[PDB]
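Note sheet for the following structure.
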Amino acid sequence: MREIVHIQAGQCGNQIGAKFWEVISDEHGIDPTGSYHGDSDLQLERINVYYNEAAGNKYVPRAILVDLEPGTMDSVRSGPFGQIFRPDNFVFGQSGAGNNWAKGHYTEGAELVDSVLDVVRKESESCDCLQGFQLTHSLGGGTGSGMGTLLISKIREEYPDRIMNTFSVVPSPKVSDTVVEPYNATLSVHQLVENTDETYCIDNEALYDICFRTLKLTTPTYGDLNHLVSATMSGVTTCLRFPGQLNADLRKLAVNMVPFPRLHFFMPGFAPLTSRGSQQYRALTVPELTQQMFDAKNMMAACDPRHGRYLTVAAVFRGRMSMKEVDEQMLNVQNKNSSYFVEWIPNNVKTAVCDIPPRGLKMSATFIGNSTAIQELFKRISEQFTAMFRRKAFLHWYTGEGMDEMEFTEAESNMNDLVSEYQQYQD
Amino acid sequence: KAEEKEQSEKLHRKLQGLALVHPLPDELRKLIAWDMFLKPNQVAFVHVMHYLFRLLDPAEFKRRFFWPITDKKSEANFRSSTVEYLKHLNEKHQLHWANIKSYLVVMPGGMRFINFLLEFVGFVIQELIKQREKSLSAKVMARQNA
Amino acid sequence: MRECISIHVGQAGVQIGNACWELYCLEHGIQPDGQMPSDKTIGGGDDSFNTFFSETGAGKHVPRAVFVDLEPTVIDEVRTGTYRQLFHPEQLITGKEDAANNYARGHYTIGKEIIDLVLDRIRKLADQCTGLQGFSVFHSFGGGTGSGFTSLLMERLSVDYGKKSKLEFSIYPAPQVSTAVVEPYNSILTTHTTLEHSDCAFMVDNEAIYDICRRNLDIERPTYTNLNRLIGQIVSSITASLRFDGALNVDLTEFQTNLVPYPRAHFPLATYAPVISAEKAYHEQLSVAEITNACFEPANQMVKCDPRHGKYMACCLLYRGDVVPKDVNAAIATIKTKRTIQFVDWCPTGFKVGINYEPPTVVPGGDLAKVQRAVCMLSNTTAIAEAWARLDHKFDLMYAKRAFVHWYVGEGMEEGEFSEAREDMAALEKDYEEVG
Amino acid sequence: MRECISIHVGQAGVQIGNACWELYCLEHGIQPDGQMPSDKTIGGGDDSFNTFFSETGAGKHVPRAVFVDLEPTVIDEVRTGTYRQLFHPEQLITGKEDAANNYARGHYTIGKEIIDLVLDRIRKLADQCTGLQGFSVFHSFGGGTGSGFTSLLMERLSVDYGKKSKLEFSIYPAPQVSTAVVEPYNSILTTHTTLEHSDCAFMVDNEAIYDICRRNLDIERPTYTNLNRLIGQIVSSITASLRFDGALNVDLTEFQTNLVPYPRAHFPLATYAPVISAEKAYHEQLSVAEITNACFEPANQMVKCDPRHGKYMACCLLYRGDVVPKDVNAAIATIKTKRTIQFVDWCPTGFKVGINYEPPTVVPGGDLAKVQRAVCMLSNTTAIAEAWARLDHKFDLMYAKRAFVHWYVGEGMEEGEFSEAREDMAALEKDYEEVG
């Protein structure tokens with residue numbers, strides 16, 4: 001078999017993770033009780049990637065729910081699919097992280113981490129051939145940022161040969177809970193550079209601007225942002241969950257997408273963009289899907305891909321379409337825009353098609369770009385970090401947990417080194 | 010018409026002066042004239058703006074603009090980006106430029122455009138003065163040097 | 001008997017294999033359960049098809065095939081499809097984890113865990129052969145299993161079976177249908193390691209097949225199912241001399257002897273005619289002269305190159321269906337007078353001609369029309385080096401910056417193996433230039 | 001065999017072609033699907049119709065035709081009409097954008113994009129001929145595709161096929177049925193550029209055909225369908241010597257040799273009799289003497305001119321149906337004594353006489369009666385210059401003010417080409433005067 005263990009850490013991680021499970025359970029014909037009611041054998045052929053089989057033909061997510069406070073996890077348990085999760089896989093604290101990375105990484109999360117690793121081990125011991133791990137979290141908070149990166153480092157110590165993938169929600173001043181989000185994000189980006197093989201950069205700025213400007217939502221909620229994230233996560237994971245021409249695993253994806261070990265930060269995109277409850281009556285054509293998936297307005301990282309170059313690209317088309325028309329349109333984009341792809345990586349654009357569309361669409365396209373333009377996201381966090389750090393503003397919340405100012409100076413420098421490395425391969 | 014001519018000449022002098030410090034690219038050198046914006050002149054507009062933006066912030070220009078212009082689409086993009094950048098500058102530096110509207114970029118020419126450009130060029134010159142002041155009669159200097 | 005074992009490696013090899021075996025069953029009148037109802041000979045009738053099939057004691061004809069993939073997905077489609085009952089379950093070998101488009105992972109890491117199981121299954125089929133001729137290996141150059149596991153398999157087959165001929169059917173990567181950026185690396189690495197182990201390799205350029213499907217079949221966007229059906233006709237036309245009673249290429253050793261003058265220059269250019277859409281099946285039937293003249297048109301070749309820029313070392317014309325030797329000789333004489341056909345000076349300006357009277361069969365509900373006559377031209381030409389130069393140029397561009405090399409080194413491959421493989425390809429390009 | 005390829009260019013050429021091929025199928029007993037049920041000869045019967053048809057291996061007779069238009073509209077009517085199955089789809093060539101009644105757009109702009117495709121299709125038909133004689137080109141002088149694309153085609157045919165005869169069937173423009181003001185310009189420009197490439201051109205004046213349909217068929221307002229049916233009978237009577245066994249004009253070279261004493265004076269006047277309405281089909285059948293005397297009446301000519309104002313250089317009488325040579329000779333002797341027939345002094349006062357015993361066929365439900373005998377007179381006469389003078393006068397009136405010239409210059413044509421074409425037409429008028 002080819003199993004994946006899913007982890008969801010902190011408020012944002014558990015909310016997005018719960019929506020991901022709701023979306024993929026419905027694509028696999030799994031009800032909120034874990035029972036199968038689908039109409040196609042293709043829904044079960046690779047179900048074991050994300051689900052364990054349980055007594056009485058029940059499917060249970062291979063999901064681990066982690067928080068330092070009970071409030072989000074009780075909300076998930078009361079949610080539409082809250083009963084599908086293994087009850088033993090709810091691991092939680094009582095003290096909370098208080099939007100502090102040091103509490104998540106050094107204190108409150110360091111007391112809880114061994115209890116999470118025991119659940120990770122119990123799920124991994126039940127796999128026939130574990131591919132790797134996936135984490136859903138935010139870099140702006142305390143639990144998802146600090147405890148999520150502590151968990152990544154501990155998983156890499158226990159499972160050094162297994163792939164580590166992340167869906168990382170990047171903070172923005174447009175969708176901000178606290179002023180210390182740049183500190184938490186810079187400290188976490190340093191840990192991701194060393195300890196992950198794939199990181200999907202999900203920018204709350206891009207999600208908000210999509211909801212507001214493209215979907216015409218005057219007051220986007222976290223529920224509207226998480227709808228876009230769950231659709232993108234379904235898109236990216238399609239080649240793992242369904243049979244196709246590329247029998248993909250996480251390692252084949254990483255080997256194709258990551259030319260340099262530090263440059264594994266991806267810009268995800270989705271087409272067509274839909275809002276929750278809005279039915280699109282018109283299916284797009286293949287040319288319209290291919291044009292939209294390469295538009296900066298469909299990217300979930302707030303960077304312009306025209307300000308850099310693509311190292312590598314993966315494109316996942318879903319639904320019944322002419323595979324010839326897909327190749328012709330993908331080659332048309334490359335040949336017209338060849339300057340935006342690096343020439344020293346031949347055939348760096350890979351395309352897959354799956355016949356099973358996502359719910360409510362006849363056809364969709366998911367985009368994954370490794371672009372040097374991702375440096376704009378790190379520059380924007382760096383500027384916000386340095387603006388406070390030059391005055392030692394708010395540092396007393398971290399030094400009170402035992403952090404040194406030198407750990408901040410190292411994380412700032414390692415993030416500037418990552419920006420310089422992206423600039424080198426851009427030129 | 011007399012006022013328009015005077016302002017246009019003033020603009021020409023300022024551009025000539027700038028060219029003494031920062032040489033004009035070959036394409037722009039051929040276009041530069043005292044009456045180049047008395048009538049709408051799209052070609053001169055593009056090259057003058059290109060020149061001034063590069064003087065102001067080459068890095069920002071590279072980020073915001075695609076150059077050289079090769080097609081109609083790229084040209085339209087250049088105009089839009091020009092309006093956006095000018096607005097940004099107006100806000101950032103509090104220049105109080107009125108009516109930075111699409112018309113400055115659609116039919117660049119006439120009194121209104123010349124006045125605007127004069128202000129803009131003035132701004133660029135002021136920024137350069139600041140830079141030079143930080144770093145630090156013509157007849158007397160010349161004789162002394164000789 | 002003169003048995004052949006077919007080996008289908010990775011997604012491309014398995015999917016082409018599945019299309020070829022469907023077509024072989026249709027041509028021999030074998031049902032999807034392996035029964036042959038016209039076979040009144042409970043014993044040795046026209047024993048020619050026993051080259052590719054083994055009769056079981058239940059009257060079921062089973063392919064002399066092995067299917068290998070490092071992931072289950074593509075072989076599970078074979079286990080569940082129309083021909084699920086044709087194969088024995090032991091012939092369908094699946095790993096758990098794939099090579100992820102990496103030659104080194106397919107050769108050194110995951111390939112090493114499965115290779116001994118594959119060799120045991122091949123040995124069980126070889127032990128059922130009275131006079132095993134050789135192997136026909138189907139794989140892709142661009143994909144990690146198709147490159148890395150095939151090179152490891154070809155080495156081990158040369159050790160266990162060093163007097164048995166090995167023929168390859170290799171899919172050359174095309175940008176328009178390409179799933180990986182690293183396909184040039186996988187292609188150069190596998191070609192280097194298989195070069196001393198192959199006796200004859202039939203390259204199929206996905207770009208050539210895609211363009212033939214667009215131009216001749218009016219398919220706006222060909223799928224792998226459309227490509228593999230066309231590939232299956234070409235493979236069927238090549239193997240038709242081994243499957244039916246005929247005068248030319250009655251063994252695997254005759255292919256090498258007729259097509260391969262130099263051991264390294266073992267890449268014959270295939271050309272197939274006619275390719276006609278099923279909607280045009282009621283049109284005027286092409287003459288022997290028209291189909292033979294279509295073999296010298298670059299638009300119908302299986303590799304994108306121009307034979308007018310090179311020389312012919314060998315040329316074989318394999319006809320199927322309603323063809324008389326008189327009309328073939330008249331067509332060849334007209335072609336020799338009208339076409340730029342430069343042979344090399346040391347090789348006779350001779351066409352070898354095979355005629356099989358069994359007409360081409362087409363898959364019911366396929367894109368191809370039923371034709372009364374077809375021709376497959378197999379020509380060893382120096383112009384096939386234009387396909388190597390295109391691959392080498394893409395290799396050199398990425399390798400000059402060491403782009404993606406760390407994925408191969410991370411699987412324990414040495415960086416020196418890239419330079420060695422590229423040097424051997426430069427020697428192959430020079431061998432083709434010196435002959436041309 | 002002695003094959004001929006017909007080429008139909010632009011709306012007028014295509015619509016006349018469609019009417020001619022309908023009539024040829026009826027005369028040879030070929031059905032609209034291309035089957036010939038009376039052909040008990042699975043092989044070479046009366047092989048004369050193989051001049052215009054190619055037998056396919058399915059027993060289907062396909063026209064040796066190419067249809068070309070720069071717009072799809074008129075050829076899509078052929079693709080959907082009664083004879084849609086007769087033609088091969090490759091013989092029906094359509095552009096996307098038309099020449100918009102401009103010679104320069106038809107020759108230099110849009111014609112240049114399609115010419116190489118047309119020459120490839122003509123070559124595919126020529127390669128199926130054992131002994132290609134030549135080409136028969138059908139076009140209009142007034143229309144932009146019929147003028148500009150035909151001149152470009154005739155030049156390129158003279159390059160690729162410089163020993164093959166080229167016959168034209170050219171529609172001369174008439175004010176009453178004229179769609180463009182610039183028809184005189186298009187006519188002079190095309191006549192200039194085709195003059196050195198044509199071996200023999202049959203002009204058909206739309207005004208003459210329109211008046212014959214009004215006077216003889218009692219049709220108050222003839223449509224192009226009525227005109228093209230009459231044109232189809234004349235064309236059928238001209239080509240009848242190439243399609244059936246007969247003694248006179250058995251090849252294209254015999255037309256030039258019998259009708260064209262000087263290379264520039266290659267415009268024979270056609271005259272056809274009898275033209276009788278289908279309602280009058282039960283009337284008294286005309287004698288050989290009456291139909292021959294009707295050939296010397298200007299009211300029955302295909303070009304409006306008066307041969308009494310000029311001289312005859314050549315005269316051919318082509319009879320069809322129930323005609324005996326004795327009655328033809330008696331009719332000619334009576335005509336020579338009663339009519340002003342001035343021949344030129346240096347040419348024998350000789351009539352060439354062809355008799356084909358195959359009676360004229362008429363389209364079922366057409367406007368023409370079935371007749372027992374018909375005659376087509378082909379005469380090279382200097383009085384045909386009256387049609388050039390009428391065209392030149394209209395050219396000169398517009399060109400003196402440079403009216404509409406900017407439409408041709410806007411397509412990249414030089415203004416000098418108008419003066420050159422007009423000077424060559426003035427030289428042609430003078431050549432006709434010097435002979436007369």
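Just so you know, the sequences run in chain order Z, H, X and B.
For the record, in the first sequence the residue sitting at position 400 is 400 according to full-length UniProt numbering, with numbers rising by one throughout.
Quick note, the second sequence lines up with residues 10 to 145, 155 to 164 if you use full-length UniProt numbering.
For the record, in the third sequence the residue sitting at position 89 is 89 according to full-length UniProt numbering, with numbers rising by one throughout.
For the record, in the fourth sequence the residue sitting at position 108 is 108 according to full-length UniProt numbering, with numbers rising by one throughout.
For every residue, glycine included, the Cβ atom is placed at its ideal position computed from N, Cα and C.
Against B/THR56, the close residues of chain X are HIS283, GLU284, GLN285, in the order they occur along the chain (beta-carbon pairs closer than 9 angstroms).
8 angstroms or more divides the Cβ of X/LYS166 from the Cβ of X/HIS192. Nearest to B/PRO359 by C-alpha distance, out of B/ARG123, B/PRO274, B/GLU3, B/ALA201, is B/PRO274. Contact between Z/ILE202 and Z/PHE242 does not hold, since their C-beta atoms are separated by about 23 angstroms, which reaches or exceeds 8 angstroms. Between the segment 252-263 of chain Z and the segment 394-409 of chain X there are three or more inter-stretch CB-CB distances shorter than 8 angstroms, so the stretches are counted as touching. The beta-carbon of X/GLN233 is placed no less than 8 angstroms from the nearest beta-carbon of chain Z. Along the segment 394-426 of chain X, the positions whose C-beta sits under 7 angstroms from a C-beta of chain Z are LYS394, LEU397, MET398, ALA400, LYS401, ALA403, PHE404, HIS406, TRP407, read in chain order. Bounds of any beta strand (DSSP E) do not take in Z/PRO182; it lies within the alpha helix (DSSP H) bounded by 181-195. Two segments are said to touch when three or more pairs of C-beta atoms, one from each, lie closer than 8 angstroms; by this definition the segment 279-286 of chain Z touches the segment 361-381 of chain Z. Just measuring C-alpha positions, the residue of B/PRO173, B/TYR399, B/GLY131, B/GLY321 sitting nearest B/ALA12 is B/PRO173. Straight-line spacing of the CA atoms in B/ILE276 and B/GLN342 works out to 29 angstroms. Scanning the segment 91-127 of chain H from its first residue to its last, the whole alpha helix (DSSP H) runs of 4-plus residues come out as 112-115. Within chain X, the residues whose beta carbon sits less than 8 angstroms from that of B/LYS60 are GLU284, listed in sequence order. If you check the CB distance, Z/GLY223 and Z/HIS137 do not come in under 8 angstroms. Taking a cut-off of 8 angstroms on C-beta distances, the segment 153-171 of chain Z does not touch the segment 388-396 of chain Z, as fewer than three cross pairs fall below it. Between X/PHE135 and X/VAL235, the C-beta spacing is not below 8 angstroms. In this structure, the beta-carbon distance from B/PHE267 to B/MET313 does not fall below 8 angstroms.
8 angstroms or more divides the Cβ of B/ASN206 from the Cβ of B/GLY143. Taking the beta carbon of Z/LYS324 as reference, the chain X residues within 7 angstroms of it are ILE219, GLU220, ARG221, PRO222, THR223, listed in sequence order.
Beta-bridge pairing by DSSP links H/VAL130 to no other residue.
Nearest to B/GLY45 by alpha-carbon distance, out of B/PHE244, B/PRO348, B/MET425, B/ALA383, is B/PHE244.
The beta-carbon of Z/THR237 is placed no less than 8 angstroms from the nearest beta-carbon of chain X. At a beta-carbon threshold of 7 angstroms, the residues of chain Z lying near X/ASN101 are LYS252, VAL255, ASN256, ordered along the chain. In the structure shown, the three-state DSSP call for B/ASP69 is strand.
Residue range 198-203 is occupied by the beta strand (DSSP E) that includes Z/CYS201, with no alpha helix (DSSP H) assigned at that position. Contact between the segment 153-161 of chain Z and the segment 72-88 of chain Z is absent: fewer than 3 CB-CB pairs across the two stretches fall below 8 angstroms. Close to X/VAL181, with beta-carbon spacing below 8 angstroms, are these residues of chain Z in chain order: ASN256, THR312, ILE345, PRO346, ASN347, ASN348, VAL349, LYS350.
Using a C-beta cut-off of 8 angstroms, the segment 151-160 of chain X makes contact with the segment 106-116 of chain X, since at least three inter-stretch Cβ pairs fall below that distance. Residues of the segment 221-250 of chain Z with a C-beta less than 8 angstroms from any C-beta of chain X: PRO243, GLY244, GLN245, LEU246, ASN247, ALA248, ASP249, listed in chain order. Excluding sequence positions up to five before and after B/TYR408, its CB lies within less than 6 angstroms of the CB of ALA104, all in the same chain and listed in chain order. Within its own chain, the residues whose Cβ lies closer than 7 angstroms to the Cβ of H/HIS31, once the five positions on either side in sequence are excluded, are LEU64, listed in chain order.
Runs of the beta strand (DSSP E) spanning 3 or more residues and lying entirely within the segment 170-235 of chain X occur at 200-205, in chain order. Contact check for Z/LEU65 against Z/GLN134 fails: the beta carbons are separated by 8 angstroms or more. Taking a beta-carbon distance threshold of 8 angstroms, X/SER178 counts as an interface residue toward chain Z. Of the other Cβ atoms in all chains shown, fewer than 16 fall within 10 Å of the Cβ of B/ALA426; this residue is therefore exposed. Neighbours of Z/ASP327 in chain X, taken as residues at a C-beta separation under 7 angstroms, are given in chain order as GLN176, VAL177, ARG221.
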